[PDB]
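Residue numbers (the deposited numbering): 4 to 89.
(1) Compute the Euclidean distance between the alpha carbons of residue 26 and residue 77, then round it to the nearest angstrom.
(2) Who are the Cβ neighbours of residue 42 in its own chain at under 6 Å, not counting the five residues just before and after it?
(3) Measure the beta-carbon distance from residue 53 to residue 30 and round it to whole angstroms, keeping in mind my assumption that it falls under 8 Å.
(4) Taking all protein chains shown into account, decide if residue 79 is buried (16 or more other Cβ within 10 angstroms of its Cβ) or exposed.
(5) What runs of the alpha helix (DSSP H), each 4 residues or longer, lie entirely inside the stretch 7 to 56?
(6) Going by DSSP, what residue range makes up the alpha helix (DSSP H) through residue 70?
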């Protein structure tokens with residue numbers, strides 16, 4: 004019901020959309036559809052909408068999120084976060 008994925012930066016076109024990009028294997032483990040909310044956690048939590056991974060990122064075990072989201076969580080690029088369906 005929860006997966007751990009490595010934080011990566013958002014593509015500029017995605018900045019400010021409140022989204023997390025993750026690949027189909029990750030969505031399948033969570034049972035989430037594109038557009039559903041997930042909770043992303045280190046110590047604190049943020050809720051972000053699921054979006055599809057870019058082809059180059061598929062299989063890397065990453066979640067792309069923008070700096071506002073990373074700042075709320077106190078996570079750096081490369082840190083793991085827990086992702087869970089809301």
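Beta carbons: idealized from backbone N, C-alpha and C, even for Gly.
In brief:
(1) 23 Å
(2) 48, 50, 87, 89
(3) 6 Å
(4) exposed
(5) 27 to 33
(6) 70 to 76
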